[PDB]
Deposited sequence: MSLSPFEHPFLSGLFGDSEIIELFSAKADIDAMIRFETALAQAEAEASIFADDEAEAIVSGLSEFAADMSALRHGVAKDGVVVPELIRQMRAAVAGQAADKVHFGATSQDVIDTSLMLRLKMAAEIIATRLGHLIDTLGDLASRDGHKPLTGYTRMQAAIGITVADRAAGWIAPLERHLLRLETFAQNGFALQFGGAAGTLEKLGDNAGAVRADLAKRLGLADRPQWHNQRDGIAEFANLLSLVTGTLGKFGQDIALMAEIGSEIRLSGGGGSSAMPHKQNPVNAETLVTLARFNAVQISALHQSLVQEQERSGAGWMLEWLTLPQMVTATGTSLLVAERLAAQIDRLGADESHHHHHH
C-alpha cells in the first residue's frame, strides 16, 4: 500500500486502526445515511412536507446497504459519490417519498457534513489520548524530576538544569494543545447545508429552521454554509500539526539524549535500543509541517464551489489526522521505554 499508516507490515510502526477506520468507506457512507435520515426529519419538523412522509424515508434508509461497485462507477461518471448513493437510497424508499430524499441539499452538503461528523469522533479520540499522554509524561517528571541534566543550547554543552525543566518543554505545550482542541470542539464541527449554489433556494424563508434542526439532530454546530470558506479546515489542520510538532520536538530530544547516552536509559526485553519511536516522532512532525500547506492552498476556492481546492483536501486531510493520532500512539510507546532520565 501507498501509506505506511495502512501498510500490511509498516503499520507495525505507523499503524492506527482506531483512527483509520473513521476514514473507511463504510464509516463515510454511514454518516451520509445519517445526513439523509436527519434531513428528512428536519424538513418534516419545519413543515416542508408531512411526518408520515418523513417516516417513509427514515425507515427506508433504516438499514440501507450500498453497492460499492456502482458507487465507484458513480465517481467515474460524476466525480462524486452522492448522485449514485442517492439513486440507491431512493430505490431503498417505498412510495414517492423516494423523490423527496436529498431535497434542498447538494453533493457538497452531505460529503462535508459526513467529514465533519467523523472529524468530531477523531478529535475526541485525539483529546483523550492527549490527556493520557500528558499524565504519562507527568509521571516521568514526578519520578525523575529532581535529577540533574546537562543543558544543551545551540548544539553545545550548557549549564546544568534538571529533568523537570527540560520536560516542561514536552508537557506544557501539549497542555495548550488540549485546550485549543476542546475550544475548537465547541464550534468547529459544523453542518454543511447550502444547496445547489449556497443559497438553500429550495426552502425560501424556511431555510433557517431546517438548518438549525438538522444541525441539532447531527450534534453539529449551526452556521450558514461554508462551501468556499475553508478556514475551519485550515485551522483544524494547524492544531493537528501543532500536536505533531511538539511531540516531534520531544522525539528529537530523546534521540539526541540517547546518542550522547549518559543521561537516558531505554528498554526492550526485561538489546539494540534504537530510538526508532523517537525518530518516528520527528518524521511525523515533518510530514504534517508539509501537509498543512495543502490545506492552506485550499483556502483559494473560486466561486460558489471549487473542485480543485476541495479535492486537495480529500487527498491530504485524512493523513494529517492520522499522522496526529499515530504520533500520539508512538509517543506513548517511547515514554514506556524511558526507564531513567538524569545523570
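Participant: Numbering the deposited sequence from 1, which residue ranges have no coordinates here?
Facilitator: According to the deposited record, C-alpha coordinates are absent for 1, 272 to 277, 351 to 359, which together make up the missing parts.
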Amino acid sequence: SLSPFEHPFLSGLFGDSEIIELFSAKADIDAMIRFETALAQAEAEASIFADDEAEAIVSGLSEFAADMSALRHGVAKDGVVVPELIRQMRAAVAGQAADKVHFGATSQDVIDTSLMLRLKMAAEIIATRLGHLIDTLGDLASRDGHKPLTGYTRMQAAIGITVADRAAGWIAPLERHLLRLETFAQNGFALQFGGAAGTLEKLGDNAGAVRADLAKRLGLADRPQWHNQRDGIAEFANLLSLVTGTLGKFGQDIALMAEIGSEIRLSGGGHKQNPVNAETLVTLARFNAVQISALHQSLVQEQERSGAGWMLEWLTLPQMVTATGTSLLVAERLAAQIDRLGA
From here on, numbers count along this sequence of modelled residues.
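Participant: Would you mind comparing 71 to 79 and 208 to 216 for me and telling me which has the higher average C-alpha temperature factor in the entry?
Facilitator: Between 208 to 216 and 71 to 79, it is 71 to 79 that shows the higher mean C-alpha B-factor.
Participant: Report the stretch with the higher mean CA temperature factor, choosing between 88 to 96 and 136 to 144 on the basis of the entry.
Facilitator: Taking the mean C-alpha B-factor of 88 to 96 and of 136 to 144, the larger value falls to 136 to 144.
Participant: Taking the values straight from the PDB record, which of 306, 283, 62, 41 has the highest C-alpha temperature factor?
Facilitator: When the deposited C-alpha B-factors of 306, 283, 62, 41 are compared, 62 is largest.
Participant: Could you check 115, 239, 247, 179 and tell me which one carries the biggest Cα B-factor in the deposited entry?
Facilitator: Highest C-alpha B-factor among the listed residues goes to 239.
Participant: Using only modelled residues of the chain, where does the Cα B factor of residue 47 rank: lowest third, middle third or highest third?
Facilitator: Lowest third.
Participant: How does the C-alpha B factor of residue 57 compare with the rest of the chain: lowest, middle or highest third?
Facilitator: Middle third - that is where residue 57 ends up once the chain's C-alpha B-factors are sorted.
Participant: Test of reading the entry: by CA B factor among the chain's modelled residues, which third contains residue 129?
Facilitator: It belongs to the middle third of the chain when residues are ordered by C-alpha B-factor.
Participant: Ranking every modelled residue in this chain by its Cα temperature factor as given in the entry, which third contains residue 9?
Facilitator: Tercile = lowest for this residue's CA B-factor.
Participant: Taking the values exactly as deposited, rank residue 228 by C-alpha B-factor within its chain and report the matching third: lowest, middle or highest.
Facilitator: According to the entry, residue 228 has a C-alpha B-factor in the chain's middle third.
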